[PDB]
Amino acid sequence: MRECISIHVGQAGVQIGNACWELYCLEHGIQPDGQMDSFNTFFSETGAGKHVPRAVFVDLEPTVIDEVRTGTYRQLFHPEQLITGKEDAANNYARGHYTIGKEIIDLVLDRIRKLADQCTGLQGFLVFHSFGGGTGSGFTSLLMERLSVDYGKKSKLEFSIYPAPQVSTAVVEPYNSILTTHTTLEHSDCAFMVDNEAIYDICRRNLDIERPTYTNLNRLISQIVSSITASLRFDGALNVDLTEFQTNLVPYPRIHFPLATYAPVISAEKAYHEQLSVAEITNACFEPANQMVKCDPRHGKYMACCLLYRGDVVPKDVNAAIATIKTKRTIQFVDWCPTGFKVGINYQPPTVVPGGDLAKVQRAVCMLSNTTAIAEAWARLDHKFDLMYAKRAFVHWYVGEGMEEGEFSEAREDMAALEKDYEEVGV
Amino acid sequence: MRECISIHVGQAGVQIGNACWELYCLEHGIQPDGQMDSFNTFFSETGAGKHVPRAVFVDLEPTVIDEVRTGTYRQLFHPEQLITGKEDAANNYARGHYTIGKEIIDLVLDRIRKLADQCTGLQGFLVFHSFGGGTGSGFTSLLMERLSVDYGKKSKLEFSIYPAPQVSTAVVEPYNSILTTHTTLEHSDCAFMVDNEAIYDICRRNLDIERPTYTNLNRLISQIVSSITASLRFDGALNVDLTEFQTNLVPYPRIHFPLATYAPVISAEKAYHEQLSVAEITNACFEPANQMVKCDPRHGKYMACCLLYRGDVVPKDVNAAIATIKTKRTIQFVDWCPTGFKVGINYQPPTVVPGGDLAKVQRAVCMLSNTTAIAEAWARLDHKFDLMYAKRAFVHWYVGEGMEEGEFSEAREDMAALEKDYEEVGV
Amino acid sequence: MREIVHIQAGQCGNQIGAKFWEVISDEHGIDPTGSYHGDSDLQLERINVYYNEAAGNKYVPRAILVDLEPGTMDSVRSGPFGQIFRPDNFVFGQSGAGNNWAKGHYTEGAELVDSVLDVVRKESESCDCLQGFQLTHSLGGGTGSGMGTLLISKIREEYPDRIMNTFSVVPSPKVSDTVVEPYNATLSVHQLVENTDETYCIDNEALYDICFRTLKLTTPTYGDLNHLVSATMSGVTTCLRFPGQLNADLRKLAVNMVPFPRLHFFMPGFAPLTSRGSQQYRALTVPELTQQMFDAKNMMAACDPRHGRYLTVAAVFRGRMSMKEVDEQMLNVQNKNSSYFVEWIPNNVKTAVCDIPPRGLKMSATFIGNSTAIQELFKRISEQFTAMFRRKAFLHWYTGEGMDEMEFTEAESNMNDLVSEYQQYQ
Amino acid sequence: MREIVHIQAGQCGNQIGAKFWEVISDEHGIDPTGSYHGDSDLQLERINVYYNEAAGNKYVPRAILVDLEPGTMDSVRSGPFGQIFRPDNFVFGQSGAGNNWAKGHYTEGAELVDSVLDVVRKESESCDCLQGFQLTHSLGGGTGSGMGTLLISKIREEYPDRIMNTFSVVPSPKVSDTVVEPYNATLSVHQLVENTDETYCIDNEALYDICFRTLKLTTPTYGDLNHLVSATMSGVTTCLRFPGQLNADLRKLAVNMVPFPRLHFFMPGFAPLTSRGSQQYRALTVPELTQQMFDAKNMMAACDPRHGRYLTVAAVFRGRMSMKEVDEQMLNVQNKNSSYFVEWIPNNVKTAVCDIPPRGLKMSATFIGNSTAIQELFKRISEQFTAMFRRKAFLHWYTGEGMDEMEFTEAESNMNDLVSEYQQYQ
Ligand SMILES: CC(=O)O[C@H]1C(=O)[C@@]2(C)[C@H]([C@H](OC(=O)c3ccccc3)[C@]3(O)C[C@H](OC(=O)[C@H](O)[C@@H](NC(=O)c4ccccc4)c4ccccc4)C(C)=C1C3(C)C)[C@]1(OC(C)=O)CO[C@@H]1C[C@@H]2O
Ligand SMILES: CC(=O)O[C@H]1C(=O)[C@@]2(C)[C@H]([C@H](OC(=O)c3ccccc3)[C@]3(O)C[C@H](OC(=O)[C@H](O)[C@@H](NC(=O)c4ccccc4)c4ccccc4)C(C)=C1C3(C)C)[C@]1(OC(C)=O)CO[C@@H]1C[C@@H]2O
Ligand SMILES: CC[C@H](/C=C(/C)[C@@H]1C[C@@H](OC)C[C@H](O)C(C)(C)[C@@]2(O)O[C@@H](C[C@@H](OC)[C@H](O)C(=O)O1)C[C@@H](OC)[C@H]2O)CO
Ligand SMILES: CC[C@H](/C=C(/C)[C@@H]1C[C@@H](OC)C[C@H](O)C(C)(C)[C@@]2(O)O[C@@H](C[C@@H](OC)[C@H](O)C(=O)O1)C[C@@H](OC)[C@H]2O)CO
Ligand SMILES: Nc1nc2c(ncn2[C@@H]2O[C@H](COP(=O)(O)OP(=O)(O)OP(=O)(O)O)[C@@H](O)[C@H]2O)c(=O)[nH]1
Ligand SMILES: Nc1nc2c(ncn2[C@@H]2O[C@H](COP(=O)(O)OP(=O)(O)OP(=O)(O)O)[C@@H](O)[C@H]2O)c(=O)[nH]1
Ligand SMILES: Nc1nc2c(ncn2[C@@H]2O[C@H](COP(=O)(O)OP(=O)(O)O)[C@@H](O)[C@H]2O)c(=O)[nH]1
Ligand SMILES: Nc1nc2c(ncn2[C@@H]2O[C@H](COP(=O)(O)OP(=O)(O)O)[C@@H](O)[C@H]2O)c(=O)[nH]1
Ligand SMILES: [Mg+2]
Ligand SMILES: [Mg+2]
């Protein structure tokens, strides 16, 4: 069957993974200890009955994984799936890659191989990292490269924490992200990217919450992930396998970045002041502020769009909605693509956790989008990098562990090329 | 179906809207929480069964809407339909328009669009403001202008709080009202205007009440509104749709102002000392003091009259009454209009709220009137404005936020033109 | 939104302030330590207008206390409601002003004002949407008068789009209370004309008349006078804190009350004012209330409003009342005695009303008058000024701190121009 | 893993150290003898970061006490938490330094340093994965300054891939505390620029200002100053000992805070800092905390950061908080006052946060600033140095121990170059 493995790497990735696992447990009826039909896509079938997931959990930081190992979702995990080392990169690309990561990576590969050995049709991977964080950027890149050698035909999807233009966390992100882009590019297939500023905005407006945490964010991410994956596991009108997200979303083999957005993301309060019909949901999906990154999508033609409807969904309504969207003048599309939309309709609805603010909905959607409008963010990032690098800010740290500066230049060139390609596409 | 939206803007407007909503709840059987046939004209059909109105609630004043949000008619409303900001204009036309309103207006427009997206035949709007109050005059004008761009074919009816000649509230009304007139004129279709002095007079004589409030006034207004609208919702002998009040009431495309008057407005005491026959009601409607503005209608020819009979009504009787009215020498009519009266007869009677003084009547009427007799009030207003403006009273406030003084002159010119037109009509 | 920052300056300003904070506290159900003990959610809805919230459901006046003269503020601190104020909001110096405007405005005050500005800035950041600043001071002193003016100048410079209102205790012209008072008052008025949007002019003579003639009282203390002031102050801002039918606001009042930018000097009043003893002899009809409001003997500025025309008048009512009764009453007043309201402004009056009477009363009202008669007050002050300045009497105390003769002259000129302008609309 | 070895050197270093060990003990639930009495497993998870374990569930500071001056360390030993230290970790000589860097670095200190090195090596073997060394000393003395530098040199030589951080008490330039202080400070700075990865620069003047201006306190003792230092120190390493959302680390902080290798001199701070008395007057919002953190008066180095640009800033929060609030606050700060952060580094700030507030506070934060303004401090020291050295004043005390003039000159040169570099990024 359509049966697969996940990868959660670095602090952020691990956090996301926890949430994901919780969501999965809710969905498939599994109790935190492994006790309870088609669950087995992730949870490789087990000895005494108690289910155990297929996820690679990696952190060179001990602390986050240590927390997990003394949590509630604890015995659920295999000891080995969770991996440990000694110290952070500390936002240092030249440590996940090159120096310290080239040591653990072998172990990770072995684990992955072992996991694969249970599949009877390994459709691919899901990878969780951060365009920014030191471990989950260099290390993840390295891992992806390794996988490329050992699994050429298998899809490798990535869930990515792009840094928002204005807001920041650690002031060496512009280097790290760029480096990741340079070395991820050719080894991944798809990189689903979500900002944090956008999420915060959504929370403030749509969910009516002005005091968020990371936990909430993680839950939201997990929801999206679930939406993406549910066609593997449950039945459906139209089933979108992992390998479709290659072919209905990558118009050219360097453009690997889609924006992942969810709806309806509205709390219980003015949910009952709403219909929550299919058309409305679709409309919400294409609006600017509901997107989970900081693009003005009205500034950029859509290349490929992909929608994953869940729950009580009649295809006719969906079709109507899509037609309406097509009709709209502001939702721009490329010169070379008429069949812009890819639709998945799944008989199982989304499932809501205790503590998760998003209330119970009979129907919901996850949208995946490729556009020239992502290029703005890239350009901004490039600019940031250039401003940093001319005065040689913090270069000696990465170079002092094991790097050429020409690498940086190469990365910049690559970015420029990407930009040019985007421009061409727009034309 | 004939299915539509309302707009309630500014303090006064919001107050009126509350009353209106209460009345609607009474009429259609809806409980304050949304629980219970043809209600759905306003109350767009809902998810779990509990009905939610289609009204735009706007106040740059937080306080009034805050009160509503902690009232009884509370969960009934959608959170978004009610809108908030920060501070009043403070009877300052140059803040609803120009400065502060151009900020919220977009949101309001969006809301309106969303509401429209539920209609299967949006017949138009109902707008509640004040010729005088700072928010609901500039802001409302702005809103109307915006709507004109986004809905050209859709009717936009307005319910208006004209300031009475002698009595006043805030001593910058003469500016604001004039400004509103200048910028409303070409974007609205109809502006149903009600004074307060007239209402008070009615209360003193007809209802036998000498200690009124705003609440009572609001209730009265709501009654009128209900009478206006009931042909959309319930069955009838003759059904007057919103779009009829364009075509049976606007003889020329600048004359957009009718007087809205109601009968019988008599309490339980000397109701039983009365027959309350159709003819009597009709007679009451055309009498001077029962009118809801301060005109002497005997000083002015009628252009178009429109009557909306409700309850136990036989058309023959109505016809007889109309004939009698026509016969009368004092009820003057224009040289150019023979078919002066437009009649709507509705099988559903009016419905009385607990607390509302007007007792239960098997039959009742609402009358709408265009005449040269409205021009007197306009002239008075103009005079007031001119007296104010020559010594430059409070001009620096509006000008100091963002205005030309030439605007004032333009407004005055417009008023003069209107007056001239009225004179011509009279001829 | 609609948040107000309060500043109290000088001795008078502080004393009035203490009373004001007591009264507001009472109104909002705040006990002397800062705990809430109310029974109505109406009380907390807009509590943010005057109070910041702290840990443990603690409420703290958004209030700054300034005095170069130390010890007056120590009394405040020692007092009952003194414990509600933030210690960091006490800004004080180590030298008096000797009732010297120049020391408050130019020299000694300049050394302290930075601190005050810093505190004000800090305060401003905790406003969702700052309505403005409310100041309590006195003209005739050095700190309230000079330093108050200085502070106002600074704050207007930094927040020119927020409303600047001052409750200013002026002299009693028939029996003046310091020797250099005229100099101080004249110097302050100059500053206030230019740098505030509204100034409520309160004079102790009028207060005493109210106490004696109207309230039938004797042995009245400064405390009692402060009470009266505080009641008017609270009345002024009621519509920002509470619900109603027609809700007022600061700029709304300014919009209706200031027909020319410099004419922003108001005569405040309260009604009802009758004796405590003879309570039952009268009752609370809206007409009676309005009568009390409008009668000259019940005003707190030192004018006969009958010796001038009203440019505009704002009445703010509290209690559930017939709007018909209100409007009709106003109309009758205007019709009967049209000569006392300038004929070039149709509808000189304004009404506002709030559904929430203060403590005891079912019906209360606050009066705000802008009359051409107030020229008298300024005129007398200018007369006082001239008699001294033409002999350069007491001038050395001011020149010694770097003030110049020319400034004095200019201030006088401005005062005279104000008078002239008022006479225009008479 | 992530284990830290602590060294305390000289009188100051030892005294601060005692306080630090008290505070860390309290935090980890260790009683004064060394028994654990905590109620949370969070407390012991990473206790190994500072403490070694011994027989009988005994916990022992991984701490070395060095002083050539004997008796100061005897006081430590006699003290309450003195009994937690390993007796074999006391390394001391039999002669003072007379506040003489040369005696600490070249002669007397060289005779003792072998022992210290031996102990350090031993300590290193009980690290699973040594994070680095943390030193507490003073510039202006002989032992902490000279011998501290000597020891640092040795340790960097032996463990160049582990992080070397120093909490160094520098002079108060406006009122200096020894006579040869400038000489000592200048000599030390030279060594530290080259042989440490980060130096936290603490000055007593700033501390006293904090105590008096901010905390509203008086009669502050060296104990109290030590407390303040200890709190910052503990804050610095919180993310190695405990869980959180974004977890910091030593090199992570260095990565974000050191954009050029030699610019590694930080101004530490803590927030909140308000009075004990006026507690209720304020509350714990993230914005308020950040305000406190960023305000010049709340920093513990002797600069006005407003007289320079921030190259980079690290904020480390403790308590469960809205990341949205944090990030947005930072953004607002940057936008409003972009001139105070160098424009050549987009996002000058950094956030870290730990889910575990220290004892009383719900929300606490530690500030680490790298500003071009710190040039002022070095500049003044160089001025001091030059005035003396151009007359070779006091120089015989140093030449007598084998130091050469040329060395002094070179040290001055290096200091000047540092200043120049800082000015570049201003
Ligand atoms: C038994 C009874 O009904 O007593 C009344 C009373 O006799 C009268 C005479 C009160 C009384 O007021 C005075 O005598 C007075 C003394 C100095 C200065 C000014 C007035 C009263 O003291 C004042 C007091 O006022 C209030 O409670 C209001 O809420 C008022 N509160 C305060 O001023 C206050 C006093 C002490 C501590 C905290 C607050 C208020 C007014 C406006 C805005 C906010 C609050 C009331 C009605 C009374 C007494 C107690 C006798 C009157 O005043 C007010 C402000 O209400 C004076 O004329 C009115 C009419 C009242 O009927
Ligand atoms: C009743 C109450 O809440 O009292 C508080 C208190 O009043 C205040 C004023 C404390 C108090 O701190 C000081 O007065 C102080 C004295 C010298 C130097 C520096 C500070 C307090 O003494 C300090 C004490 O701090 C702690 O408990 C922390 O865990 C702190 N502990 C120590 O410093 C410590 C003291 C003695 C013995 C062992 C440890 C800490 C801080 C950072 C990292 C680790 C530990 C607290 C909150 C208070 C008192 C007790 C009054 C404050 O300081 C700290 C460090 O919390 C000063 O401003 C804060 C705000 C607090 O609210
Ligand atoms: C409208 C603005 C207004 C103008 C006037 C003159 C107003 C009008 C009326 O009040 C509203 C007077 C009022 O109707 C009364 C006759 C009952 C009465 O109150 O008049 C005063 C004297 C009168 O001035 C003569 C008063 O001082 C005053 O101000 O009157 C004595 C008093 O003894 C009990 C009583 O007899 C000034 O603000
Ligand atoms: C961003 C880096 C930073 C730069 C500045 C200038 C920052 C910005 C703001 O704080 C974050 C100021 C702040 O918003 C306030 C106005 C509330 C306030 O705190 O400012 C100070 C004076 C100010 O310097 C003028 C302060 O010393 C300071 O450092 O300010 C007085 C103080 O009295 C209570 C209060 O009025 C330096 O690290
Ligand atoms: N959405 C989300 N973002 C996170 C989470 N944790 C961290 N981040 C983001 O990830 C970035 C930081 O990377 P981390 O994953 O913390 O870093 P790391 O991979 O552990 O790498 P080092 O710590 O540098 O070794 C920042 O942009 C954070 O906002 C999380 O739980 N959820
Ligand atoms: N009939 C009726 N009239 C009202 C009501 N509220 C206010 N008014 C009238 O409306 C006018 C004042 O305008 P408001 O609506 O209060 O003012 P606003 O729109 O809030 O504008 P600003 O307050 O100036 O920002 C006066 O003529 C009042 O008599 C009400 O509930 N019913
Ligand atoms: N109404 C009132 N007037 C006061 C009070 N205290 C002082 N005054 C008056 O204020 C003036 C004296 O100024 P004051 O404020 O004491 O001087 P300052 O401290 O230099 O500003 C005189 O006209 C006093 O009658 C008070 O508490 N209430
Ligand atoms: N903050 C702090 N400073 C100290 C302490 N003890 C001494 N000092 C300072 O350290 C400097 C004197 O050096 P000290 O350490 O006593 O000399 P040493 O023993 O030769 O290193 C002076 O600037 C003192 O103010 C202390 O416990 N805390
Ligand atoms: Mg990490
Ligand atoms: Mg309003």
# chains A, B, ... in the order shown; residues from 1 in each chain; ligands from 1
>>> interface_residues(of="chain B", to="chain C", cutoff="8 Å", atoms="only C-alpha atoms", output="compact mmCIF listing (two decimals) with N, CA, C and O atoms, in the first residue's frame")
# COMPACT_ATOMS: atom_id res chain seq x y z
N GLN B 11 -24.33 56.42 16.05
CA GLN B 11 -24.97 56.06 17.32
C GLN B 11 -26.46 55.85 17.09
O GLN B 11 -27.05 54.81 17.45
N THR B 63 -18.82 52.96 21.91
CA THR B 63 -19.60 52.75 23.12
C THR B 63 -20.94 52.11 22.83
O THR B 63 -21.33 51.14 23.49
N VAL B 64 -21.61 52.64 21.81
CA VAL B 64 -22.97 52.22 21.48
C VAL B 64 -22.93 50.74 21.03
O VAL B 64 -23.73 49.89 21.48
N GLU B 67 -22.28 48.40 23.86
CA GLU B 67 -23.53 48.18 24.59
C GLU B 67 -24.33 47.05 23.94
O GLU B 67 -24.81 46.13 24.63
N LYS B 86 -12.36 53.74 17.17
CA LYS B 86 -11.71 54.37 18.33
C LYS B 86 -12.41 55.60 18.91
O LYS B 86 -12.66 55.65 20.11
N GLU B 87 -12.71 56.59 18.07
CA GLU B 87 -13.27 57.85 18.54
C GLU B 87 -14.28 58.46 17.57
O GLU B 87 -14.23 58.21 16.36
N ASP B 88 -15.19 59.25 18.13
CA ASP B 88 -16.19 59.97 17.34
C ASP B 88 -15.53 60.97 16.39
O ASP B 88 -14.39 61.40 16.59
N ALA B 89 -16.28 61.33 15.35
CA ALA B 89 -15.99 62.53 14.59
C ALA B 89 -16.25 63.75 15.47
O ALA B 89 -15.50 64.73 15.43
N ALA B 90 -17.33 63.67 16.25
CA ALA B 90 -17.78 64.73 17.15
C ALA B 90 -18.47 65.78 16.30
O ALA B 90 -18.09 66.95 16.26
N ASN B 91 -19.49 65.31 15.59
CA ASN B 91 -20.23 66.11 14.63
C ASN B 91 -19.33 66.77 13.58
O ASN B 91 -19.63 67.85 13.08
N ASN B 92 -18.25 66.08 13.22
CA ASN B 92 -17.26 66.61 12.29
C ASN B 92 -17.30 65.87 10.96
O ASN B 92 -16.67 64.82 10.81
N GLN B 166 -36.63 74.32 14.69
CA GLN B 166 -36.49 75.07 15.95
C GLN B 166 -35.56 74.36 16.93
O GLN B 166 -34.63 74.97 17.46
N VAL B 167 -35.82 73.08 17.17
CA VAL B 167 -35.07 72.30 18.17
C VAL B 167 -33.71 71.93 17.59
O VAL B 167 -33.57 71.75 16.38
N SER B 168 -32.70 71.83 18.46
CA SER B 168 -31.36 71.38 18.06
C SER B 168 -30.72 70.52 19.14
O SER B 168 -31.23 70.42 20.26
N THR B 169 -29.60 69.90 18.78
CA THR B 169 -28.85 69.01 19.66
C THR B 169 -27.40 69.47 19.80
O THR B 169 -26.96 69.80 20.90
N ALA B 170 -26.68 69.47 18.68
CA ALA B 170 -25.27 69.85 18.62
C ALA B 170 -25.13 70.97 17.62
O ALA B 170 -25.59 70.84 16.48
N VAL B 171 -24.46 72.06 18.01
CA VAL B 171 -24.50 73.30 17.23
C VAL B 171 -23.38 73.36 16.18
O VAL B 171 -22.65 74.35 16.10
N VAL B 172 -23.24 72.29 15.41
CA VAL B 172 -22.59 72.33 14.09
C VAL B 172 -23.38 71.49 13.05
O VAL B 172 -22.83 71.13 12.00
N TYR B 200 -42.38 63.96 18.46
CA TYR B 200 -42.73 64.37 19.82
C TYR B 200 -44.17 64.90 19.86
O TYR B 200 -44.94 64.55 20.76
N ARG B 211 -43.99 62.07 28.21
CA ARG B 211 -42.65 61.78 28.75
C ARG B 211 -41.95 60.72 27.89
O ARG B 211 -41.74 59.59 28.33
N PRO B 212 -41.57 61.09 26.64
CA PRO B 212 -40.96 60.15 25.71
C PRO B 212 -39.48 59.95 25.96
O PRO B 212 -38.88 60.66 26.78
N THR B 213 -38.90 58.99 25.26
CA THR B 213 -37.45 58.73 25.27
C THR B 213 -36.96 58.65 23.83
O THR B 213 -37.70 58.98 22.90
N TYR B 214 -35.71 58.24 23.64
CA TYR B 214 -35.21 57.84 22.33
C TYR B 214 -35.71 56.46 21.95
O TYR B 214 -35.88 56.22 20.76
N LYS B 384 -29.68 78.86 7.76
CA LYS B 384 -28.90 78.61 8.98
C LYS B 384 -27.41 78.53 8.65
O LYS B 384 -26.56 79.15 9.32
N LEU B 387 -25.94 81.86 7.63
CA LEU B 387 -25.75 82.72 8.81
C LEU B 387 -24.49 82.29 9.55
O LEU B 387 -23.69 83.14 9.96
N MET B 388 -24.31 80.98 9.69
CA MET B 388 -23.13 80.44 10.36
C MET B 388 -21.85 80.81 9.63
O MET B 388 -20.88 81.28 10.22
N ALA B 393 -17.85 80.38 11.40
CA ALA B 393 -18.04 79.64 12.64
C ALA B 393 -17.60 78.20 12.45
O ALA B 393 -18.13 77.49 11.61
N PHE B 394 -16.60 77.79 13.23
CA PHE B 394 -16.18 76.38 13.31
C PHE B 394 -15.70 75.79 11.98
O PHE B 394 -15.68 74.57 11.82
N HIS B 396 -12.66 76.29 10.56
CA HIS B 396 -11.29 75.84 10.78
C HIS B 396 -11.15 74.41 11.29
O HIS B 396 -10.10 73.79 11.06
N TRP B 397 -12.15 73.87 11.99
CA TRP B 397 -12.12 72.47 12.41
C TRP B 397 -12.18 71.51 11.23
O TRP B 397 -11.33 70.64 11.09
>>> residues_near_ligand(ligand="ligand 4", cutoff="6 Å", atoms="only C-alpha atoms and all ligand atoms", output="short mmCIF file (atom, residue, chain, number, x, y, z; two decimals) with N, CA and C atoms, in the first residue's frame")
data_model
loop_
_atom_site.label_atom_id
_atom_site.label_comp_id
_atom_site.auth_asym_id
_atom_site.auth_seq_id
_atom_site.Cartn_x
_atom_site.Cartn_y
_atom_site.Cartn_z
N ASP C 118 9.31 62.69 30.46
CA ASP C 118 9.65 61.27 30.38
C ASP C 118 8.51 60.42 30.90
N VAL C 119 7.97 60.83 32.04
CA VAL C 119 6.88 60.07 32.63
C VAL C 119 5.64 60.10 31.71
N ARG C 121 5.55 60.50 28.48
CA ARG C 121 5.82 59.65 27.31
C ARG C 121 5.50 58.21 27.64
N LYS C 122 5.98 57.78 28.80
CA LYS C 122 5.76 56.41 29.29
C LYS C 122 4.26 56.12 29.39
N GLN D 291 11.01 47.32 27.63
CA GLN D 291 11.31 48.74 27.91
C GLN D 291 12.39 48.85 28.98
N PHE D 294 15.82 47.67 27.68
CA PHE D 294 16.48 48.49 26.65
C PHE D 294 16.87 49.87 27.14
N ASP D 295 16.38 50.29 28.31
CA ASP D 295 16.64 51.66 28.76
C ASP D 295 18.03 51.77 29.39
N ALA D 296 18.75 52.80 28.96
CA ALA D 296 20.16 53.00 29.27
C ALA D 296 20.44 52.94 30.76
N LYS D 297 19.50 53.48 31.53
CA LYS D 297 19.65 53.58 32.97
C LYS D 297 19.63 52.20 33.63
N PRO D 305 24.33 53.97 25.83
CA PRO D 305 24.20 53.32 24.53
C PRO D 305 23.60 54.23 23.45
N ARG D 306 22.89 55.29 23.84
CA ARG D 306 22.38 56.29 22.91
C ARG D 306 23.48 57.12 22.24
#
>>> residues_around(residues="residue 278 in chain B", least_positions_apart="4", cutoff="7 Å", atoms="only C-alpha atoms", output="ChimeraX atom specification")
/B:282,317-318
>>> write_last_selection(atoms="C-alpha atoms", output="JSON list (two decimals), in the first residue's frame")
[["chain", "number", "residue", "atom", "x", "y", "z"],
["B", 282, "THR", "CA", -56.04, 57.41, 5.10],
["B", 317, "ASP", "CA", -62.32, 50.57, 0.70],
["B", 318, "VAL", "CA", -58.78, 51.75, -0.08]]
>>> select_by_dssp(residues="range 83-196 of chain D", states="alpha helix (DSSP H)", output="PyMOL selection string")
chain D and resi 101-105+108-125+148-158+181-195
>>> write_last_selection(atoms="C-alpha atoms", output="short mmCIF file (atom, residue, chain, number, x, y, z; two decimals), in the first residue's frame")
data_model
loop_
_atom_site.label_atom_id
_atom_site.label_comp_id
_atom_site.auth_asym_id
_atom_site.auth_seq_id
_atom_site.Cartn_x
_atom_site.Cartn_y
_atom_site.Cartn_z
CA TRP D 101 49.10 42.92 37.10
CA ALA D 102 52.76 42.06 36.49
CA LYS D 103 52.94 40.02 39.69
CA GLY D 104 49.71 38.19 38.78
CA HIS D 105 50.63 37.55 35.13
CA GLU D 108 53.94 35.33 41.55
CA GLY D 109 50.98 34.09 39.50
CA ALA D 110 53.21 31.95 37.30
CA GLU D 111 54.31 30.04 40.40
CA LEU D 112 50.67 29.13 41.33
CA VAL D 113 49.13 28.66 37.89
CA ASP D 114 50.42 25.10 37.39
CA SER D 115 48.24 23.87 40.24
CA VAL D 116 45.21 25.63 38.78
CA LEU D 117 45.90 24.11 35.36
CA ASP D 118 46.16 20.65 36.90
CA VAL D 119 42.85 21.07 38.63
CA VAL D 120 41.25 22.40 35.43
CA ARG D 121 42.49 19.36 33.48
CA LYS D 122 41.03 17.05 36.12
CA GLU D 123 37.73 18.90 35.93
CA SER D 124 37.68 18.61 32.14
CA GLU D 125 37.80 14.81 32.33
CA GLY D 148 43.19 35.70 35.60
CA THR D 149 44.58 36.67 32.21
CA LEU D 150 47.44 34.21 32.62
CA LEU D 151 45.07 31.38 33.45
CA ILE D 152 42.81 32.26 30.52
CA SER D 153 45.80 32.14 28.18
CA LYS D 154 46.73 28.67 29.40
CA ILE D 155 43.23 27.31 29.19
CA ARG D 156 42.61 28.63 25.66
CA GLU D 157 45.92 27.02 24.64
CA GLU D 158 44.76 23.66 25.99
CA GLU D 181 43.93 50.54 38.12
CA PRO D 182 44.37 51.97 34.58
CA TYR D 183 47.62 50.07 34.11
CA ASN D 184 46.05 46.83 35.27
CA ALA D 185 42.89 47.23 33.21
CA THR D 186 44.84 48.08 30.07
CA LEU D 187 47.14 45.11 30.54
CA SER D 188 44.25 42.74 31.05
CA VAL D 189 42.15 43.99 28.15
CA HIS D 190 45.00 43.21 25.76
CA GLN D 191 45.00 39.60 26.93
CA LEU D 192 41.20 39.26 26.91
CA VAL D 193 40.77 40.69 23.42
CA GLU D 194 42.92 37.90 22.08
CA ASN D 195 42.16 34.93 24.35
#
>>> residues_around(residues="residue 229 in chain B", least_positions_apart="2", cutoff="12 Å", atoms="only C-alpha atoms", output="PyMOL selection string")
chain B and resi 2-6+20+23-24+27+39+41-42+123-126+157+222-227+231-235+239-245+308-310+344+346+348+350+366
>>> closest_residue(among="A:133, A:356, A:426, A:311", to="ligand 9", atoms="only C-alpha atoms and all ligand atoms")
A:133
